[PDB]
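This document opens with one chain alone, in structure tokens, the form deposited in one PDB entry.
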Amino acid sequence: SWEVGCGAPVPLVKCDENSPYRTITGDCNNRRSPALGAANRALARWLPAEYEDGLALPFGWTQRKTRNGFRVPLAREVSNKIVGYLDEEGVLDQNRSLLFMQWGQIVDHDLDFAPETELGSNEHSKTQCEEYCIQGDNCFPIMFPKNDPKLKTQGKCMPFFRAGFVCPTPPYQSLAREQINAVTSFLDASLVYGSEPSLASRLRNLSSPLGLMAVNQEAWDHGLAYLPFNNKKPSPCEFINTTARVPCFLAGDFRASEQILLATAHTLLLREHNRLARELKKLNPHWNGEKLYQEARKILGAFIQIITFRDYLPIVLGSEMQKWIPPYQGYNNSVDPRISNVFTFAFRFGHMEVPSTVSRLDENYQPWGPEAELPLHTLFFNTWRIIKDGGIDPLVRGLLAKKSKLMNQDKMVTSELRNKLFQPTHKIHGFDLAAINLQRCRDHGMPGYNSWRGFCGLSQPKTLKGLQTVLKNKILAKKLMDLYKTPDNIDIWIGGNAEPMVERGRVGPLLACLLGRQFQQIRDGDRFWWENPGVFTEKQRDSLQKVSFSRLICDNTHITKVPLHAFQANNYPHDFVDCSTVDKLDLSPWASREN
């Protein structure tokens, strides 16, 4: 009865079966179902979607319509009463660097992107949602509750547009709405290279046959490369300072300039590509541009994989790591490699790891100038501080030397994100990421908290007292019950993140299961996984085994002092060493001798 499936707005596929390299789109990874993991298809549904009308309308759309007999609470009221806090003193994670937060965002952006519907071009339909807050079609505005401070200074709502969905981009009325993943599900550096042939070519430097990615020609970082500007008007990064008039960057991923540390990480990875490509040109002078591009691309892909799977996931998942992602046993072509709709909310655990300030540090790892520490809200879409205020190096030192925010049941999301978020088009530092996440949860038709607990083989609390035992927090459980009325109706984003963290990790049991399962699948179901026999030679793999994040910094900045375990909390100068003592990526195994 379940159909072979739709796909009129998704194009053709034809697959070069000899090809030792990934496609840009993700097509052809899986030989029996070539579209599996490819960009611009439906996110996978691990559980049936749950919408108000069975099909497409989110819970909370129709005021009289309940969920399980109760009204769903406003996203912004859940934000105000649970997610927020005032005192930033004491929130910092004593054993994770700020790099730990930032790598999470990098990895997330490699795997999933569900962009807003395209309806407001040649059309003030976006402007009208904003201006008048009238719910309809793809406008699904986040209404302020009665006592909200923003009601006084900001109007009736925050605008919000429904995520794009496959088949039609107007609505459909027979099968349930499926949102699109616009990037490749494989952990494949698509955030560097693009997920679309169009973008991917535009990012390359073809002017020369050196397999280089294109770089900024207007500005340089003390001789080091910046990303090229995106010259597409209008631009949010110009808007945040019209006197500086520095545009956003153009990268493999649309979101690269959303905050200055992300743009920073993107810069390092672009540098790493060009550097690898130059080093390969030396070792194999006979290689053409396509060859060089592909081979650097492939190494960078492996780099992301290793840092993610060897260094990042164990310190997120802790004791549950082995339970969900056992040691690798090879490529299983029966595994679904697709990112699930629910993972795209699970991985938003990072939002509770983002701290209120970003610092620039000098070569002694001491404050850099008089405005060294800045509030995070002043750095959304901010390229001008990079270009006109010291380049990336002082930012990278902050990444190493400052700390991530630790998630806290009484201090979930900093007001920098919770009250001051800037979104493009819209003019103000006045949005709420937490409210947006909850509204999105609904937009995407997510099953509730207890449906996912059941999925993960965990208990399903029905009462206040049951919820108190699961959360190990009486007061939080009590606010959730007062808002949601039953635990079944608690939005997964908030329920998942309300759980106390597992031992040695930074997420609770439910999230560790949703994340662990996904990463297991992105590893096991990828034909081009770096450790799958034949992707790299045995010797290449011995060389790739030594990648570190420290080495990445050494090779692509003018920073000479680095920790060995860059994700742990590290204090200068004690936990820092000279770049000369840190293992290098030895590219000798890529010398292809053929005479």
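Superpose the two forms; the largest set of C-alphas matching within 1.5 Å is the rigid core. Residue positions are given as counts along the sequence shown, with the first one as 1.
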According to the deposited model, is the average Cα temperature factor higher in 209-217 or in 316-324? 209-217
Using only the Cα atoms and their B-factors as the entry lists them, report which of 584-592 and 2-10 averages higher. 2-10
Residue set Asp110, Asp432, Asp524, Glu279, per-entry CA B-factor max assigned to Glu279
Can you tell me which of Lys402, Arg162, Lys485, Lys146 has the highest Cα temperature factor in the record? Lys146
Report the third (lowest, middle or highest) to which the CA temperature factor of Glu272 belongs, ranking only the modelled residues of the same chain. middle
Compared with the other modelled residues in the chain, in which third is the CA B-factor of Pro424? highest
Using the B-factors in the PDB entry, rank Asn68's C-alpha atom against the chain and give the third, lowest, middle or highest. lowest
Would you mind ranking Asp87 by its C-alpha B-factor against the rest of the chain and naming the third, lowest, middle or highest? middle
Record-listed C-alpha B factor of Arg385: chain third: middle
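From this point on, the text means the form deposited in another entry, which you will not see here.
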Moved residue between the shown form and the other one - picked from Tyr172, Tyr328, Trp384, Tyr85, where its Cα shifts 2 angstroms or more relative to the rigid core: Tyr172
Would you say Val13 moves its Cα by 2 Å or more between the shown form and the other one, aligning on the core? yes
Distance trend in the other entry - C-alpha atoms of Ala251 and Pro11, change of 3 Å or more: closer
